[PDB]
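Just one chain is shown here, as structure tokens, and it is the form deposited in one PDB entry.
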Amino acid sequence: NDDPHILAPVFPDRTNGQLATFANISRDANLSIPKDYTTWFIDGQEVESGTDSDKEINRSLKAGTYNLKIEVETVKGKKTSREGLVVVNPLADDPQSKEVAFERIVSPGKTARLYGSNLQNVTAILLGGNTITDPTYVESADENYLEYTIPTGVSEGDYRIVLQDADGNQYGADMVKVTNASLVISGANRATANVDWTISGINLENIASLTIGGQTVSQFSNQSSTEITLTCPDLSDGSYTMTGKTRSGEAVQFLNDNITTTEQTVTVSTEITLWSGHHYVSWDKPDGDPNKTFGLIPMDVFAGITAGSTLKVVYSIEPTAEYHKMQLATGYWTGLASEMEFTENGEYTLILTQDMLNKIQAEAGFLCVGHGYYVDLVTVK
């Protein structure tokens, strides 16, 4: 007739600002882990203990990461609770699926996708009091995925999903966040004044206007559920606030390190052209040939550039060339980055360290070395 805290066994505690490691097992496996005057919870739900005792747990749940709570109360009212994580690893041959990056944020009435393994098997998907009849496995030049159409009736919220096969076996698919809100998920942190700015999110086809540094934009280059292109207003270099409102009138939300907000910090930068033209580069040319390298941006220019600036070299291929390789170097040909074998056009970007800037002055300036390509544009921001 007293007050307890640590009954056997020994449980580990949190290292950072994130929950305890705890149990890690398999899809088939079972979760097995004061006096007698002295409950189990999964993702915030009261559950039965496998056995008869309120200390001996036997639990076989579907694959995925879970939130376990061992909140035990005595006859009087002594308060000692344990909160931790329980990880259930699926079987190799089982239809696995985890989140790779933001595809789990889904919208009602719309398509969605799952990246994993064996999803070719998934005849149906289960999302909280619903059965998804049409799961289509789509074939890609990149990672393959399984497409599904989120039902209209589904209200907002976090849901655990199921992957049911032919027989009906039902396997472990992790967490899915459902939203109708116009939520900007990426590429808002940084923007360039007067150039196109392409922002990606979820219900962006409903964004009516976006406001950066007070300046409002209502006209958009492209607009759909996933993405939106606009022209970042003519703002001085600096950190601004971006807000936005829907066709309806609600505030456009902003996901950032999983923290949803109503305001976004945008870092506006201005892109200064250091050179334009169509300069071919071939190290096979003789020494002294203007086209052995690209070095038309004098040293004095590179001295000007402040540490952290972002150099971009717009390159274009020479179709007749047997190979296309390039590299950003000093005048002494010291590489500032790795060599690059490429086959199509593109833009090479490089943040310029104070060291890189020093090497530039120490070593005869900046060069664009390589074979079979054209330097078309060099810019800084």
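Residue numbers here begin at 1 and follow the sequence given. Rigid core here is just the name for the largest C-alpha set that superposes within 1.5 Å across the two forms.
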Discussion item. Can you count the deposited residues that have no coordinates between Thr38 and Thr39 and report it as none, 1 to 3, 4 to 9, or 10 or more?
Written reply: 1 to 3
Item to complete: Check the residues of the deposited sequence separating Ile33 from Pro34 and report how many of them have no coordinates, as none, 1 to 3, 4 to 9, or 10 or more.
Response: 4 to 9
Discussion item. Mean Cα B factor from the PDB record: higher for 144-152, or higher for 296-304?
Written reply: 144-152
Discussion item. Per the record, averaged over C-alpha atoms, which has the higher B-factor: 58-66 or 344-352?
Written reply: 58-66
Worksheet entry | Per the PDB entry, maximal CA B factor within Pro319, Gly50, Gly335, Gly331 | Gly50
Fill in: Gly277, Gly288, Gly213, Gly84, ranked by C-alpha B-factor: the highest one
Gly84
Practice prompt. Consider only the C-alpha atoms of the modelled residues in this chain, order them by B-factor as the entry records it, and name the third containing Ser186: lowest, middle or highest.
Written response: middle
Worksheet, complete the sentence: Chain-relative C-alpha B factor for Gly168 (record values, thirds): the highest
Fill in: Chain-wide C-alpha B factor ranking for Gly77, given as lowest, middle or highest third
highest
Worksheet, complete the sentence: Assert third(CA B-factor, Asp257) within chain per record equals middle
Response to the item:
Of the three thirds of the chain ranked by Cα temperature factor, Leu311 occupies the lowest
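Omitted from view is the form deposited in another entry, to which the following refers.
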Fill in: Rigid core superposition between the shown form and the other one: residue from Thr231, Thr246, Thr74, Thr270 with Cα shift of 2 Å or more
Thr74
Practice prompt. Determine, after fitting the two forms on their core, whether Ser338 shows a C-alpha shift of 2 Å or more between the shown form and the other one.
Written response: no
Worksheet item: Core-aligned, is the CA shift for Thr51 between the shown form and the other one 2 angstroms or more?
Response: yes
